[PDB]
**Student:** 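Encoded as C-alpha cells, here's the structure I'll be asking about.
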Amino acid sequence: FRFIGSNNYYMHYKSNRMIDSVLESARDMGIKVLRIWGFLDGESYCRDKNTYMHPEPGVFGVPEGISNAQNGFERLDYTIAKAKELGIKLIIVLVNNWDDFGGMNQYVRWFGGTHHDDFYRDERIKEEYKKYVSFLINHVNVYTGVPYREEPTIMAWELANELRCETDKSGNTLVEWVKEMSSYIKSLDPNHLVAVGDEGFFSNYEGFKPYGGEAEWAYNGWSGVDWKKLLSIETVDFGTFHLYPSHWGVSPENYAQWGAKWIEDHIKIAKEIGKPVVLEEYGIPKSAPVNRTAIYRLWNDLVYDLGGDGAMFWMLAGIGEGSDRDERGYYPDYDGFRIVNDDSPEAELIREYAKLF
Ligand SMILES: OC[C@H]1O[C@H](O[C@H]2[C@H](O)[C@@H](O)[C@@H](O)O[C@@H]2CO)[C@H](O)[C@@H](O)[C@@H]1O
Ligand SMILES: OC[C@H]1O[C@H](O[C@H]2[C@H](O)[C@@H](O)[C@@H](O)O[C@@H]2CO)[C@H](O)[C@@H](O)[C@@H]1O
Ligand SMILES: OC[C@H]1O[C@H](O[C@H]2[C@H](O)[C@@H](O)[C@@H](O)O[C@@H]2CO)[C@H](O)[C@@H](O)[C@@H]1O
C-alpha cells in the first residue's frame, strides 16, 4: 500500500456539503488517504468555529447548557462515515504543536504553565492529553456504530502535528514524550498504526547536511527533534516528514533541490531503520517565482522511484460557504497552498500521479 494523499484541516467543523465536497474530490482525484485534525482545544477556539471537542479539561464535546453548537465528534463521525463510503483512508492527528485550534499552548494555559514545551513535561498536562485521546479513540461513531478504535477507515493515529521542543535541543524530551504517548495509544488501540506527525527534523547526523547550506536549523537539531531516534521507538510504526522550503529559509532557486535532498535523506534513513516513511505534508507557495507543478512532479517522482510509501500535498479543499467562499465559490486559498479538483496543472499532476502510486 503506497499512495498519493492530501491534508484537510476543517473536516471536524464544516458542513455536510463542504465535507462531501472534499472527500468526493479526493475520490475523483484518486487521492487514497486524507490527513485531518481530530482536535479542537480551548473554549475560545471552540466558540470561534461554534464546534466543541475539548473546550476545558475533562470536558469532551459540547459543554452542558451550551445549545445550538456543533459537536466536533459528530462532525468527525460524519467525515469518517463518508470516507468509509467513498473508500478514502484517514490519518487523524491528536494535538497541534501550533496555536491554531488551541494546540499545546492551550493545554499549557489550562494548567498554568509558562512555556509551550511544558506540554511535554507537566504530568497534569500529559494526563489531560491521555484523557482526551482515550475519549476520542473510544468514541462510538453515530453514523456507523463502530468505535474509532475498531474503524478500518482510520489508517493511523498521529500524536502531534509538527511537534517541536526548542527548550531541549538534545532531543531527549520528545523521545521520552513520544515513547510514553505512542505506548499509551497502543494500549488503548491494538489495531491501528501510530506515527508522530512531526516535520522530520534531524539533529546533526554525520553525512547529512542541507542542500546549498540553507535551512541548516532543519538538519542540526534546533527544533529539539531527533527524527532518527523517534523513528526507532518500538511503538511508532512509520516515519512522517513535512516539506516547506519557502517557510524554512530556502531560496526559491533552491526549493526543488533542497526538497529533493530532504526527501532522499528521509527515505534513506527510514529504509535503514526498516519502517515505512510518508512525506505527509509538502507545499510551495502559488506565488513562488518557480514552476510549482514541476517542483511537485520532481518530489513525487522521487518519493515514487526511491520506494517511499506515500506523498501527501498540503492541501486539498472543496466548495466553500458563508464567510469562507472565494471568487469561484471554493473554500479560499488562505495560505497559497490550496489545490482543488479543477483544471490547474497541479490538479492535473495529482490525478496523473494518483494513477502511478
Ligand atoms: O435520509 C437519508 C440521508 O439523508 C442525508 O444524507 C445525505 C448525505 O449526507 C450526502 O452525503 C449524500 O449521501 O446524500 C444524502 C441524501 O440522500 C443525511 O445526512 C443522512 O443522515 C440520511 O441518512
Ligand atoms: O505560528 C502559528 C503558525 O504556525 C504554523 O506554521 C508553521 C509551519 O507549518 C512550518 O512550516 C514552520 O516553519 O513555520 C510556522 C511556525 O513558525 C501553522 O501551520 C500556521 O497556520 C500558523 O500561522
Ligand atoms: O488553521 C490553519 C489555517 O488557519 C488560518 O486560516 C483561517 C482563516 O484565516 C479564517 O478566515 C477562518 O475562516 O478559518 C481559517 C482556519 O481557522 C490561516 O489564515 C491559514 O493560512 C491556515 O492555513
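The basis for the numbers below is simple: all heavy atoms, side chains too, and nothing from hydrogens, waters or symmetry mates. One-based numbering along the sequence shown.
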**Student:** Who passes side chain to side chain donor-acceptor pair (under 3.5 Å) against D335, sequence neighbours left out?
**Tutor:** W314

**Student:** CG/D168 to CG/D226 distance, rounded to the nearest 0.5 angstrom?
**Tutor:** 10.5 Å

**Student:** Return yes when atom NZ of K275 has more than 12 non-hydrogen atoms of other residues, nucleotides or ligands closer than 6.0 Å, and no otherwise.
**Tutor:** yes

**Student:** Is there side-chain contact between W222 and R164, with heavy atoms separated by less than 4.5 Å?
**Tutor:** no

**Student:** Check this for me: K209, atom NZ, are more than 12 non-hydrogen atoms of other residues, nucleotides or ligands nearer than 6.0 Å?
**Tutor:** no

**Student:** I would like to know whether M155 and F3 meet side-chain contact (heavy atoms from CB on, under 4.5 Å); could you show each step before the answer?
**Tutor:** CA-CA 12 Å; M155 176 186 170; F3 57 93; 3.9 Å; yes

**Student:** Taking atom types as modelled, find out whether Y129 and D41 have a side-chain donor-acceptor pair closer than 3.5 angstrom.
**Tutor:** no

**Student:** Count the heavy atoms belonging to other residues, nucleotides or ligands that lie under 6.0 Å from CG of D343, then report whether that count exceeds 12.
**Tutor:** no

**Student:** Which residue in the set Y219, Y244, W299, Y255 passes ring-ring contact (aromatic ring centres under 6.0 Å, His included) when paired with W262?
**Tutor:** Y219

**Student:** When you check the side-chain N and O atoms of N220 and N204, is any donor under 3.5 Å from an acceptor?
**Tutor:** no

**Student:** Test of understanding: with ring pair (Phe, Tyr, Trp, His ring centres under 6.0 Å), list the residues that count as partners of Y331, not counting sequence neighbours.
**Tutor:** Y10, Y334

**Student:** Mind checking whether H54 and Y107 have ring centres under 6.0 Å apart?
**Tutor:** yes

**Student:** Taking atom types as modelled, find out whether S223 and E166 have a side-chain donor-acceptor pair closer than 3.5 angstrom.
**Tutor:** no

**Student:** Can you confirm whether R2 is buried at CZ, in the sense that more than 12 heavy atoms of other residues, nucleotides or ligands lie under 6.0 Å from that atom?
**Tutor:** yes

**Student:** Flag yes if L163 and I91 sit in one hydrophobic cluster, no otherwise; membership is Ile, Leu, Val, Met, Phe, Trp, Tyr, and two members link when side-chain heavy atoms are under 4.5 Å apart.
**Tutor:** no

**Student:** Under 6.0 Å between the ring centres of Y296 and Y282?
**Tutor:** yes

**Student:** Looking at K271 and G307, would you say the former's side chain and the latter's main chain have a donor-acceptor pair under 3.5 Å?
**Tutor:** yes

**Student:** Would you please indicate yes or no on a ring centroid separation below 6.0 angstrom for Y13 and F101?
**Tutor:** yes

**Student:** Given side-chain hydrogen bond (donor to acceptor under 3.5 Å, both in side chains), test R149 with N191 step by step and report yes or no.
**Tutor:** CA-CA 7 Å; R149 191 191 340 106; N191 312 315; over 6 Å; no

**Student:** Under a 4.0 Å N-O cut-off, is there an ion pair linking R47 with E43?
**Tutor:** yes

**Student:** Compute the ring centroids of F208 and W227, then answer whether they are less than 6.0 Å apart.
**Tutor:** no

**Student:** Would you please indicate if the ring centroids of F135 and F73 are separated by under 6.0 Å?
**Tutor:** yes

**Student:** Among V278, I263, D198, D265, which residue satisfies the side chain to side chain contact (heavy atoms under 4.5 Å, CB included) criterion with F241?
**Tutor:** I263

**Student:** Using a distance-only test with no angle check, is there a side-chain donor-acceptor pair under 3.5 angstrom linking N8 and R35?
**Tutor:** no

**Student:** Closest heavy-atom contact between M53 and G38?
**Tutor:** CE-O, 3.8 Å

**Student:** Please indicate whether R17 has more than 12 foreign heavy atoms, meaning atoms of other residues, nucleotides or ligands, lying under 6.0 Å from its CZ.
**Tutor:** yes

**Student:** Looking at side-chain heavy atoms only, is the closest gap between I4 and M312 below 4.5 Å?
**Tutor:** no

**Student:** State, yes or no, whether a side-chain contact exists between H12 and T79 at a heavy-atom distance under 4.5 Å.
**Tutor:** no

**Student:** Between the side chains of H115 and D118, does any donor sit under 3.5 Å from an acceptor?
**Tutor:** no

**Student:** Judged by atom type as modelled, is there a donor-acceptor pair below 3.5 Å linking the side chain of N138 to the main-chain atoms of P147?
**Tutor:** no

**Student:** Verify the distance criterion only: is there a donor paired with an acceptor across the side chains of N105 and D99 at less than 3.5 Å?
**Tutor:** yes

**Student:** Can you confirm whether the side chains of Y330 and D324 place a donor and an acceptor under 3.5 Å from each other?
**Tutor:** no

**Student:** Do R297 and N291 have a side chain donor and acceptor closer than 3.5 Å?
**Tutor:** no

**Student:** Measure across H242 and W248 and return the closest heavy-atom pair with its distance rounded to 0.1 Å.
**Tutor:** O-CH2, 3.2 Å

**Student:** Measuring centre to centre across the rings, with the benzene-like ring taken for any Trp, is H116 within less than 6.0 Å of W98?
**Tutor:** no

**Student:** Cut-off 3.5 Å, side chains only: do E158 and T240 have a donor facing an acceptor?
**Tutor:** no

**Student:** Validate the cation-pi geometry between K228 and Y205: distance from NZ or CZ to the six-membered ring centre under 6.0 Å, angle to the ring axis within 45°.
**Tutor:** yes

**Student:** Please find out if less than 6.0 Å separates the ring center of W177 from that of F119.
**Tutor:** yes

**Student:** Keeping to residues at least two apart or across chains, list the salt bridge (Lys or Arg N to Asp or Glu O under 4.0 Å) pairs with something in residues 230-250.
**Tutor:** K186-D237

**Student:** May I ask you to decide if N254's main-chain N or O and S251's side chain share a donor-acceptor pair within less than 3.5 Å?
**Tutor:** no

**Student:** Working to the nearest 0.5 angstrom, can you tell me the gap between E348 CD and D342 CG?
**Tutor:** 8.5 Å

**Student:** May I ask you to decide whether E127 forms a salt bridge with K131, counting only side-chain N to carboxylate O separations under 4.0 Å?
**Tutor:** yes

**Student:** Are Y143 and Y78 close enough that their ring centres sit under 6.0 Å apart?
**Tutor:** yes

**Student:** Looking at CD1 of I233 and CD1 of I273, how far apart are the two atoms once the value is rounded to the nearest 0.5 Å?
**Tutor:** 10.5 Å

**Student:** Taking the six-membered ring for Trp, are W157 and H192 ring centroids under 6.0 Å apart?
**Tutor:** yes

**Student:** Would you please indicate yes or no on a ring centroid separation below 6.0 angstrom for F60 and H139?
**Tutor:** no

**Student:** Does the side chain of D48 pick up a donor-acceptor pair with the side chain of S44 at under 3.5 Å?
**Tutor:** no

